[PDB]
Amino acid sequence: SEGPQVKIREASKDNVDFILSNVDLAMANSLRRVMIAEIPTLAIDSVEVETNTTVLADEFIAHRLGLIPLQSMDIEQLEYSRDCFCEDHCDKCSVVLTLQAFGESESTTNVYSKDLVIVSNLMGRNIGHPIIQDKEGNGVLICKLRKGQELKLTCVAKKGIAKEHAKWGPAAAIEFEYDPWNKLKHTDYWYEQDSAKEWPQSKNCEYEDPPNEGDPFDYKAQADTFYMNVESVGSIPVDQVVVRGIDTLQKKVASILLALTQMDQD
Amino acid sequence: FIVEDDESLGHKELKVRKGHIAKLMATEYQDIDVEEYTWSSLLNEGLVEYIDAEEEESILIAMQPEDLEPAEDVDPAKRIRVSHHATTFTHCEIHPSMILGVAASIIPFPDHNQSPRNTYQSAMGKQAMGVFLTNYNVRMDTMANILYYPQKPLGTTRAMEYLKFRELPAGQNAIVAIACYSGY
Amino acid sequence: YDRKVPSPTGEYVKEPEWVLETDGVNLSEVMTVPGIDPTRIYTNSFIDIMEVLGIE
Amino acid sequence: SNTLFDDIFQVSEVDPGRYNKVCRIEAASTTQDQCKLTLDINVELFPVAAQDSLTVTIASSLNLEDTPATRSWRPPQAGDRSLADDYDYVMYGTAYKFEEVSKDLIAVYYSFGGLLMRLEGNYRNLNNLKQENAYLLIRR
Amino acid sequence: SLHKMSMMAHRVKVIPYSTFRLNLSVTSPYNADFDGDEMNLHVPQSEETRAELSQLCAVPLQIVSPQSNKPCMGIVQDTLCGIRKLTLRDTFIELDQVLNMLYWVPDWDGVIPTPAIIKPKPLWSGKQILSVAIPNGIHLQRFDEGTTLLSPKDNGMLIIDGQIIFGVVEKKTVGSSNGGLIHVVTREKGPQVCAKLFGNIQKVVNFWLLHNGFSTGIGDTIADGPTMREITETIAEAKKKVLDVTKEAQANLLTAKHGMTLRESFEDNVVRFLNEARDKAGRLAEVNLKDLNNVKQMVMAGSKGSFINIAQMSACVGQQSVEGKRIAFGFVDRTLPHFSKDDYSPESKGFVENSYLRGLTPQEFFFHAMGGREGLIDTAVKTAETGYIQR
Amino acid sequence: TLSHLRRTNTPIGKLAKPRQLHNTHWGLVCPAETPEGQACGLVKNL
Amino acid sequence: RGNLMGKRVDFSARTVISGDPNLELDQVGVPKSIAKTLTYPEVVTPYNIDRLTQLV
Amino acid sequence: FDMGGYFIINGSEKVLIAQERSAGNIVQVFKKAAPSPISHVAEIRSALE
Amino acid sequence: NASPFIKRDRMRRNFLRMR
Amino acid sequence: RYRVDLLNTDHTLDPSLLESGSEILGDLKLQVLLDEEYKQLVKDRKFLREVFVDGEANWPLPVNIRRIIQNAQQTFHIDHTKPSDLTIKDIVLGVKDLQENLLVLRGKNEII
Amino acid sequence: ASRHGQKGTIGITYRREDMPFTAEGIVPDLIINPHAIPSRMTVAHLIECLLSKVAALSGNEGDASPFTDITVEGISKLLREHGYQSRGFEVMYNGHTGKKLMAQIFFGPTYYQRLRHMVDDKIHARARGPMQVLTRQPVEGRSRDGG
Amino acid sequence: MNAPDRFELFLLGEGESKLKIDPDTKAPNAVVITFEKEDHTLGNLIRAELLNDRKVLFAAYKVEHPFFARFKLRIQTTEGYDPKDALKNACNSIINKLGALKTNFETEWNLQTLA
Amino acid sequence: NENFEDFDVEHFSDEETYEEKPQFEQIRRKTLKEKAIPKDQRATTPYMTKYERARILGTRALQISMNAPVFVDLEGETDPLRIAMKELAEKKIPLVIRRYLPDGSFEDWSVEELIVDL
Amino acid sequence: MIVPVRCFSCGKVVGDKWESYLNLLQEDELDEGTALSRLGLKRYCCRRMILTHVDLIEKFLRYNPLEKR
Ligand SMILES: [Mg+2]
Ligand SMILES: [Zn+2]
Ligand SMILES: [Zn+2]
């Protein structure tokens, strides 16, 4: 098909690395920016503390539970709480969890994110599940208790974009490189003696031809053949990150389309 | 430290040897069953000695036992460290970095700074915010500031091992980029 | 010193001059000695200038 | 419109100097032994070495029609025809100095946004240059 | 508020955070840096008072200072640095960046400037883009040493008909100095045009340095092998000259200068020799560092730093002085208990031959601490005394 | 807390210069740890 | 010296500062809470009846 | 990690700063000013425990 | 050049091996 | 730099510098005005050399004349090739009247 | 504040998609002005940043004692061996447009301390308020809404 | 204290339109349009794709202040050509290109089977 | 209170340093009519000073603020200061200035005749 | 005091990676760098997250709770 072309280099459950050629600089940069910021994600938004006798502050645990990633495969079906018809929240516009933990052991009891349980009906969606990644089976370490301590609290998780807060970010780190051999001369390499010795070559340099040191600088050349690497946090699959960022850019330019057509007729 | 005549090596040499260092390490590791060997053993057996500002008038001290003590190609980046061209020392410094103060030992490489900047930090590390005591939950201090995630420094000093700074830090390892990005 | 003197050709020449610097201020009798120029003697202290040579 | 000055120059030396993109070249005309040029060259966009013959033309405009910057510049469209299609290094700049080296040697200075020219020669062919914005068209 | 340039009438722009925000140019008359400094705001309460505040104490009306008849405000700090890298000979700007740099000027005349590079590629030079911020009818001429109508060093400055002809823009052109662009514009066109010039140049240079980048690092303060070799040789030959002077005054054959004793002449000769040693080593260090070196770019821009900062950071700290002399003999006949009696060598009386990047020996670290304590106490006493003198 | 418990203080009507760092201060007081206020140099830390 | 030459005044604010290179030279950025606290009496004229009525 | 070394007075932690004084029973010589009629002054700050 | 690291855990293992 | 002689050849004025230059050589009243202007300039030079013993050329003064001259040169398109339309009498009269047109103290008595 | 007297307030806060980034995706925590380094001649900030970068890569905490035989060349060689540039520079990219920064940026971890002078404890405003009992003038202090 | 709402970076306010057109008299056939409630993400893309059109003589954007989520975009086109139509064609091409990106990335991931 | 090492100078506090160093007619008379100098020997500058300009804009802005009859045709301007600037620009403001001499005599000047150059 | 859930710079979850790191150091006799590399923290921004964290709650939890049921 005519347009941008993709060639994958590596794939994983939470890691993708591809090559994006035949595309402008601004499209790749805007894709990276919506991939960081504009992707909707389900994460804990409000915390209602029932009983806390732990050594940590209540708002400490509230902020931590806010930053815990949650599964958001069906987050497009969920509705914004601001745009919903509720007073505060409902099952159509939120996911309600509870966390209950006691120190019944003599040793320290580690409260993990697997102890989060869903108490509201999901109606068959696939959201609200805390993400487990390591081979131990336990989740993210929420808190620690000793014998005689209690932690009972209730979380209400809504959807939001990462512009509002970093708890709603599914992107984590995004590697973005173009023209690894400096053939467009967008960087003047700092050096002490030689610019070719003190600067190590990147990983991507094997995917482009080295300069011949005799050919002149190409002035008509533009920037393409980007190297992208997305490392998903676990909330959504790593390729769903890319396709949802593309969909979000579709919706943003479509909103511009709708506004321009609305003022065109008036 | 004490420098003896040390006729075995034919020149001036410190009284402390590797055996006393090994005994100190053995006691330091048993504390964390052997014979106890503490600072009183060094003080009572003539290995170390207390020198005040009176006796510093009429003695002669050396920087390191490995350079200024024995009789005498150089690294192009290492500093010029003079050996004073004279071997008649009666005392040796235990370590020069113990001339600093407590909050001035927090500075990574204080000798690689202009001295007013070291003074500004050493009066500014008191102004830092971090965990002060481990029982902050039960203390009714008038004002108290506690960092959520205090991290021990990456570039640390040996001197802050004994100041318990890695146990009770006062800052975070922030990824610093030295750049003029937007003019803010 | 290297003073600036009006040259006979019209320029300003950097002419050397042997000038005496004296520790201790006195102007009642120092300016009256022969062999010096008393029309250009300057004192670091202006109090003695005011009390000896003029308020202006 | 019409070409204000046209000549060919052989460069004697190219001075790279303390810059990494602009080199200062000194050139002498083969036709006239009394007219020469000093010119700043962006050597990336126009690689010039020593002992190279360059056709140098100072002009007042690019359109072949006669002259009637007060007009906005635009990117060149497809199919546009001008004198710049005949040359490999096209410059726009302002004349700022006309000095008399001798009784017959006139020297004109030009500034292309910070790139410098002195062009000296007899006034019989350099009298067309005046206090106006001019283009500099170079070909190899 | 030691002078009238620090009581100044601004216009409110309501911003949604918790700090006073103000233009970077006016931080020089305020004597303000944002290391925790606070400032005060006073609101007029009548039409007469607000009107005289806007027509007397306003910011554009006080660009030139009556203290020294030079503009107290100027393009300073990194906006001074970026304007050096914008208007170099090497700097050419592509179309997609030229259009945004022209749009950032609010009083842009709306016509696209014709490129200084027509073909093979349409490129604008940085001087041409900066000339859009300068209003028309402003003409400035200045020549540095060895500056002609041709400019190999490209020093000097020539502004003709609101266009920059040649010359990089540095502290001598937009900085707080007489004969610069600021003074000419505010005395020929008016205060409002000069304030708009401040805004336009800061916008253009900040946007260009945003999309271009600037930094400094540890590698900017290190010289290569041979340069540090001759710096060490310079320090060694200075030590040899001081040993020669020590032997000559030790043989009692060194004459005494007029008005001073033997020891005063000895200390004066030693101090002069080590100071010229530091100056020569620092000059070699400054010569060695390249154009990609960033401290050199900063010092050449005049924004921050100096020659002596590179001299201390790269080659040699120099002699550390307490009360105008070398390190005094606090002990009996010696500075520290790590030297022998009666040592007049430079390293035993306060010469720090090792640079900052090579570290400091403990003795020279203590000597440098003594010098820093000198500086701090002198600064505090000077500030208190001059405050009382001002009142 | 450590620098406060290991602090010293020196009272300032004398003709000396107590605000300076003396040569005999080596290894007994900190070469660079003083307040920047009016008690600069007067308050020394061990 | 403490109540006549220098006195505490009303209609004033004080806070820390940060640079803002997108402001004009003669412009200062005032916080919104400081704007809500500080007051300026503008009288009611026929020229600004509607603006002052809306602000009330 | 608390080290002691302070008093608790009225619920507030108080620390005694070490006061620096001149040494006792040490003879010291100083030079007075030129207009003073005394060339040198030798004094001892005699103290006993 | 010397190693600019504080690795006393390996020193602890080496000294416990020595004992 | 300053001496112009209409009766001699060593310090003569070039006739190409102005329109009325060819026939202006050999005049008397204009030579009287030129001699008066040169005497005034010489007296001013002697006064400056008396005031400034070091003879420093740069001093703080009110109006930057050079910027006004440059503004005129670029505003009225001075190419320094066309001869000027000025008479020397007009220049002398304008310079003489400009000093009278500068009023600092507005009193109309002798001492003011 | 740094550990070298390099104090300063927050100028502005950028989100990640605006603030620049390296080719490894590492967006810095904190951007400081270059001009603060050489005027103060603070070199230990730079060496601390280099040593902390080497310490983070190698996993062993770095010794930064004053008078040891640790130089910039050894730390530079270690950082080169760990696969980065020898002097600590990284080729980063503008956040707003994605274009490479022309100058390379010194980059790495550095221990910073938060100081107690929060802006919330220092902001002050007063239109009218309580006057003193003595001089009928506005009171002392920001807690009492003084002038 | 004075910190604005973190959702006030992406919710349109009351009585404020998504776009604001303003026909600029400063240059002929030129318009300045204020995008409300975006950042550099849309601005860089719209700038580049307007530059890709051959009938747009001038096209640039600027963010007036990083605090306020809004930015202005000035477009000047050839005579007889509406800059609104230039924006319309540019954003249509943007949809086309990144929809091709969507389809190509999806079909390549359907080619990959090592997950 | 607080304990900060951030050195903040106490301002207007020089008394610390003060305590450190404490040891070291013919023409006009009475209220007659010779104070009012007539127009034919006014010795003051006919150019309105910046202080005079500032108080004229302030006073006219305050009068327009208190609903004075505006002597100029407005183009929809609402702020009093800009209306005062417009009034002084085309000289429709009916105020006069008493330039006070040090001896008590004064000279009147209409702002209509005062040249506004700044 | 306990390990942060996310790296502040990049945002990769490291709250579940602390007890694994302590397990690798405690019984496998590993160096810190290799154990950090085996957990998938290849960027130094995540490496200073786990390497530089001090476990303060091991000193906090030794106190008796204020309210005991
Ligand atoms: Mg400050
Ligand atoms: Zn709902
Ligand atoms: Zn990370």
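- Listed as the method for this PDB entry is cryo-EM; the listed resolution is 4.0 Å.

Quick word on a nonpolar patch on the surface
Residue and element names in this part refer to chain J.
Link 1 in the chain: A cluster of nonpolar side chains, namely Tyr 2, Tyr 38, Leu 41 and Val 42, defines an oily patch on the protein surface of about 370 Å² accessible area.
Link 2 in the chain: With respect to the secondary-structure elements, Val 42 resides in helix α1 (residues 29-51).
Link 3 in the chain: A relative accessible area of 45% places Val 42 in the partly exposed class.

Focus on the sheet that holds strand β2 (residues 30-36) of chain L
All names here are of chain L.
Link 1 in the chain: As summarised here, the arrangement of the four strands in space is β1-β2-β4-β3, forming an open sheet in which the pairing is antiparallel. Only two strands of the sheet have a single partner each, and these edge strands are β1 (19-24) and β3 (56-62). Taken over all neighbouring pairs, the strand axes of this sheet differ in orientation by 15° on average, direction set aside.
Link 2 in the chain: Where β3 and strand β4 (residues 70-77) come together, six bridges link them in antiparallel fashion. Looking at the pairing, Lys 62 lines up with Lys 72 of β4.

Remarks on the interface of chain K and chain B
Reports of interface size often rely on the accessible area that becomes lost once the parts have come together.
Link 1 in the chain: With 63 residues of chain K at the contact, the number on the chain B side is 54 residues.
Link 2 in the chain: A buried area of about 5300 Å², summed over both sides, lies between chain K and chain B, and 61% of it is on carbon and sulfur atoms.
Link 3 in the chain: Interface area lost by chain K to chain B is led by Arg3(K), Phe67(K) and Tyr111(K), which between them contribute 15%.
Link 4 in the chain: Linking chain K to chain B there are two salt bridges.
Link 5 in the chain: For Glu61(K), the salt bridge goes to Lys152(B), with nearest N and O atoms at 3.7 Å.
Link 6 in the chain: One can count 32 residue pairs in polar contact joining chain K with chain B.
Link 7 in the chain: Mapped onto the side of chain K that touches chain B, the elements with two or more residues apiece are β2 (30-32), α2 (44-58), β3 (62-63) and β6 (105-112) of chain K.
Link 8 in the chain: Sorting elements by how many residues they give to the side of chain K that touches chain B places α2(K) first, with 10 residues.
Link 9 in the chain: Summarising the sheet, strand β6 (residues 172-178) of chain B and β6(K) pair through seven bridges and their orientation is antiparallel.

What about the coordination of the zinc ion (ligand 2)?
All names here are of chain A.
Link 1 in the chain: Looking at the metal site, the zinc ion (ligand 2) is ligated by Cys 84 (SG), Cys 86 (SG), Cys 90 (SG) and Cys 93 (SG), spaced 2.3 Å from it.
Link 2 in the chain: Taken together, the four donor atoms coordinating the zinc ion (ligand 2) span angles of 89 to 119° at the metal, a pattern that classifies the geometry as tetrahedral.
Link 3 in the chain: Sequence positions of the residues that donate to the zinc ion (ligand 2) give the spacing C-x1-C-x3-C-x2-C.
Link 4 in the chain: Judged by its relative accessible area of 18%, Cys 90 falls in the buried class.

A closer look at the coordination of the zinc ion (ligand 3)
Put simply, a metal with four donors set out as a tetrahedron has ideal angles of 109.5 degrees, and one with six donors set out as an octahedron has ideal angles of 90 or 180 degrees.
Residue and element names in this part refer to chain N.
Link 1 in the chain: Taken together, the protein donors to the zinc ion (ligand 3) comprise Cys 7 (SG), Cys 10 (SG), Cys 45 (SG) and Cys 46 (SG), at separations of 2.3 Å.
Link 2 in the chain: Geometry at the zinc ion (ligand 3) is tetrahedral, judged from its four donor atoms and the angles of 88 to 122° they form at the metal.
Link 3 in the chain: In the primary structure, the donors to the zinc ion (ligand 3) are separated according to the pattern C-x2-C-x34-C-C. Linking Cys 10 in the segment before α1 (18-27) with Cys 46 in helix α3 (residues 44-51), this pair joins segments that are 36 residues apart in sequence.

Considerations on the packing of aromatic side chains
Link 1 in the chain: Applying the stated criterion across every chain yields a total of 43 aromatic pairs over all chains.
Link 2 in the chain: For the ring pair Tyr136(B) and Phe60(N), a centre distance of 5.3 Å and an interplane angle of 45° mean the geometry is tilted. Of the two residues, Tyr136(B) is situated in the loop between α3 (115-122) and β5 (155-156) and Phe60(N) in helix α4 (residues 57-60); the pairing between them involves two chains.
Link 3 in the chain: With centroids separated by 5.4 Å and ring planes inclined at 85°, the aromatic side chains of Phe329(E) and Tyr344(E) adopt a geometry described as edge-to-face. With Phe329(E) in the loop between β10 (318-319) and β11 (351-352) and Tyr344(E) in the loop between β10 and β11, the pair connects residues that are 15 residues apart, well separated along the chain.
Link 4 in the chain: The class for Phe329(E) is partly exposed, based on a relative accessible area of 26%.
Link 5 in the chain: The side chain of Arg82(A) reaches across the aromatic face of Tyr80(A), ending 3.8 Å from its centre.
Link 6 in the chain: Taking the ring centre of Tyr81(L) as reference, the NZ or CZ of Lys55(L) above it sits at 3.8 Å.

Re the interface of chain B and chain F
Link 1 in the chain: If you look at the interface, chain B gives 18 residues, while chain F gives 16 residues.
Link 2 in the chain: Overall, the association of chain B and chain F removes approximately 1500 Å² of surface from exposure, summing both partners, and the carbon and sulfur fraction of that is 64%.
Link 3 in the chain: The tally of links from chain B across to chain F stands at one salt bridge.
Link 4 in the chain: The salt bridge partner of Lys126(B) is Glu33(F), with a shortest N-O separation of 4.0 Å.

Reading the values: the criteria
- Shown numbers run from 1 along every chain as its sequence is written, which may differ from how the entry numbers residues; residues without coordinates are omitted from display.
- Lettering of chains starts at A and numbering of ligands starts at 1, both following the order in which they are written.
- Taken from a larger assembly, the chains shown here are the sole basis for all values reported.
- Water and hydrogen atoms were dropped before computing side-chain values, which therefore reflect all heavy atoms in the structure.
- Residues with missing side-chain atoms are left out of burial classes, side-chain pairs and their counts.
- Like charges are joined within 9 Å and nonpolar side chains (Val, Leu, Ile, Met, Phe, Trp, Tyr) within 5 Å, but only among residues with over 30% relative accessible area and no salt bridge; these make up the patches.
- Under the convention used here, a 1.4 Å probe and the Shrake-Rupley method define accessible areas, while residue burial counts only the protein chains that appear.
- Each salt bridge in this description consists of a side-chain nitrogen of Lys or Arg and a carboxyl oxygen of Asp or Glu lying within 4 Å of one another.
- Strands here are runs of E lasting at least two residues and helices are runs of H or I lasting at least four, both read from the DSSP assignment and numbered beginning at the N terminus.
- Per-residue accessibility, obtained with a 1.4 Å probe over protein chains only, is compared with the maximum for each type, and a residue is labelled buried under 20%, exposed over 50%, and partly exposed between these values.
- In short, DSSP must find at least two bridges between two strands for them to pair.
- Only the contacting stretch of a helix is used when fitting its axis, a line to C-alpha atoms as for every element, and angles between N-to-C directions run 0 to 180 degrees.
- The criterion used for residue contact is that any of the two residues' heavy atoms lie within 4.5 Å.
- By definition, the buried area sums, over both parts, the 1.4 Å-probe accessible area that each loses when the two are put together.
- Throughout this description, a polar contact denotes any pair of N or O atoms lying within 3.5 Å of each other; where both atoms belong to protein, one of them has to be capable of donating a hydrogen while the other can accept it, and for residues adjacent in sequence the pair is counted only when both atoms sit in side chains.
- We call an atom a donor if it is N, O or S and sits within 2.8 Å of the metal, or 3.2 Å for Na, K and Ca. Water is not counted, so some sites may look partial.
- Key to geometry: four donors with every angle between 85 and 135 degrees are tetrahedral; four donors are square planar and six octahedral where opposite donors lie over 155 degrees apart and all remaining angles lie between 65 and 115; all other sites are irregular.
- Ring pairs shown here join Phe, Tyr and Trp side chains whose ring centres sit within 6.5 Å, with only the six-membered ring taken for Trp; geometry is labelled stacked below 30 degrees between planes, edge-to-face above 60, and tilted in between.
- Counting as a charge over the ring demands two things of the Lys NZ or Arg CZ atom: a distance within 6 Å of the ring centre and an angle within 35 degrees of the ring normal.

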